[PDB]
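This document opens with one chain alone, in structure tokens, the form solved without uridine-5'-diphosphate (UDP).
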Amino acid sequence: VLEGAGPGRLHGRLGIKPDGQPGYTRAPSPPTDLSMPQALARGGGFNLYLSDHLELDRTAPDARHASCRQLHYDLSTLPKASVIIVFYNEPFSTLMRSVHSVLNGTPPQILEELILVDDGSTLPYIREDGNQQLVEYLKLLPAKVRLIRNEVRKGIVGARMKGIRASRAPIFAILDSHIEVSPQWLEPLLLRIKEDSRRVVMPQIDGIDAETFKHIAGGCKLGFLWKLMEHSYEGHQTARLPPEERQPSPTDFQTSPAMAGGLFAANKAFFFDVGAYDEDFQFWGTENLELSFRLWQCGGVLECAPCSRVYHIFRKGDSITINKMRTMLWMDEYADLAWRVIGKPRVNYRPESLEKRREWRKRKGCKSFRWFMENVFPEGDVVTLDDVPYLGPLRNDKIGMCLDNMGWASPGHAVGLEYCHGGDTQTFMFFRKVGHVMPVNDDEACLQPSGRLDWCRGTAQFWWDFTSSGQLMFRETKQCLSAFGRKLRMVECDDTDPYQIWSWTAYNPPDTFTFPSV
């Protein structure tokens, strides 16, 4: 703690020079004649004119529910933590305001260090061979602020791993490079991990508008879509939770099948013991789901802490497919579904190093993905593959044509009727738990009686029954879909009408999933 430590400046007055002036020249108010789209382009998604005009010691509103402030933490018994902030070409104002925010709002007793990881930035203000603005300014901050560099941009996993391997505290908390904290953001995480070292605890994320920089209030539980990305519990999925967990208290810690932002705190030893990150994940993407799956299956738990809140400025290669293939290692027989949803790709997912993580999985004794679905994410639409009874073409023999979803990538999300070619654009799947008829390449798109695709919702407005006669019956209206006239229209159900009889391939996937060759 430097000179001037008090409430709102727990590490002292930051960024002040020997003569007493701040070490950072704040910009004047943004021009009155400033076009936002250009300003956002110049700022890489941020309003830099405004950010550069705001103070690094910026007050933020307490986003915590009032009840969170009725809690006490004994800082002498909590374990120290190491805050890690990775950044690639983060502008000075947002990076240092993130640092100031943490230092000002984190007691020195529980903050071992603050590690800034430069993941190969190229801006002149950061470079080793640049103008030295950043390094010079760090000299005006507590010595517990460190800077470490990657000479080449590694990506999410590589840069975080370097920061984690460099942290000395028993707990590390990973943040973003464009954040502001609510008060007492860290104390909840430390207390929860001290009581059980196997818990990875995520703060809840509020928002900072990228144009106005207004502070905005942010759920908790996250599922995943078969496109292999996290997705919040929809209304119909929280309705499947036990009644005690549907509407949880704001102070309650709540479990989550999946992580999103990448902001979390963990016991360093347990993190490495449970696999850390798969350091073959390239650039960015999906490392949060592989972590979430592996964590739960190998003895960990993932929790969200609503009394721990961080503001996040939301913005306005061939590695992405690889990252998904490697994540499918942890999905056992369900990878067949995931693999078909992302287009049956055949990439070089680096099989040699993935065998090693498979051998690691057994040696550790991790549980199965079926166990994960039945015990961690039983509210999902697909808990067993038996929940997807049809996958293939929806074909009307009478006219000799198939349902064509190629238009889901067109403004008019109209489903069509075309000669069958067997490609993915003519392949549909059925989720029986919700009656959804979707194309295999998007489980967020659902067939409507309008003959159009729209965003799936777990309601009666998307429920279809596939009858034993072959009819697609919209349950709400009890009408059936007909291909009469090469047009999609709803009609009275009548199993003698061949224009409303469809064939749909049953989905009987193998007991285990074999990876495609390279």
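All residue numbers refer to positions in the sequence shown, first residue = 1. Think of the rigid core as the biggest set of C-alphas that the two forms share within 1.5 Å after superposition.
There is another form of this protein, the form deposited with uridine-5'-diphosphate (UDP) bound, and it is not shown here; the text below is about that form.
> Though uridine-5'-diphosphate (UDP) is not shown, can you say which of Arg432, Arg127, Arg153, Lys144 has a heavy atom within 4.5 Å of it in the deposited complex?
Replying inline: Exactly one residue meets the criterion: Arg153.
> From the list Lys324, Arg309, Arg160, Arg97, which entry has a heavy atom within 4.5 Å of uridine-5'-diphosphate (UDP) in the deposited complex?
Replying inline: It is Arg160 that has a heavy atom within 4.5 Å of the partner.
>> Quick check for you: of 396-404, 265-273, 248-256, 87-95, which stretch puts a non-hydrogen atom within 4.5 Å of uridine-5'-diphosphate (UDP) in the deposited complex?
In response: Among the listed stretches, the partner-contacting one is 87-95.
> Applying a 4.5 Å heavy atom distance criterion, does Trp284 contact uridine-5'-diphosphate (UDP) in the deposited complex?
Replying inline: Yes.
> With the partner left out of view, is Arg199 within 4.5 angstroms of uridine-5'-diphosphate (UDP) in the deposited complex by any non-hydrogen atom?
Replying inline: Output for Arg199 is no: heavy atoms all beyond 4.5 Å of uridine-5'-diphosphate (UDP).
> Would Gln133 sit within 4.5 Å of uridine-5'-diphosphate (UDP) in the deposited complex, counting heavy atoms only?
Replying inline: Because no heavy atom of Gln133 falls inside 4.5 Å of uridine-5'-diphosphate (UDP) in the deposited complex, the answer is no.
> Would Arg168 sit within 4.5 Å of uridine-5'-diphosphate (UDP) in the deposited complex, counting heavy atoms only?
Replying inline: No, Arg168 stays farther than 4.5 Å from uridine-5'-diphosphate (UDP) in the deposited complex.
> Within 160-199, which residues come within 4.5 Å of uridine-5'-diphosphate (UDP) in the deposited complex, counting heavy atoms only?
Replying inline: Counting only heavy atoms within 4.5 Å of uridine-5'-diphosphate (UDP) in the deposited complex, the contacting residues of 160-199 are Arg160, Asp176, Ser177, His178.
>> I want to make sure I read this right: if the two forms are fitted on their rigid core, which of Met229, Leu75, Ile148, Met406 has a C-alpha displacement of 2 angstroms or more between the shown form and the other one?
In response: The displaced C-alpha is that of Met406.
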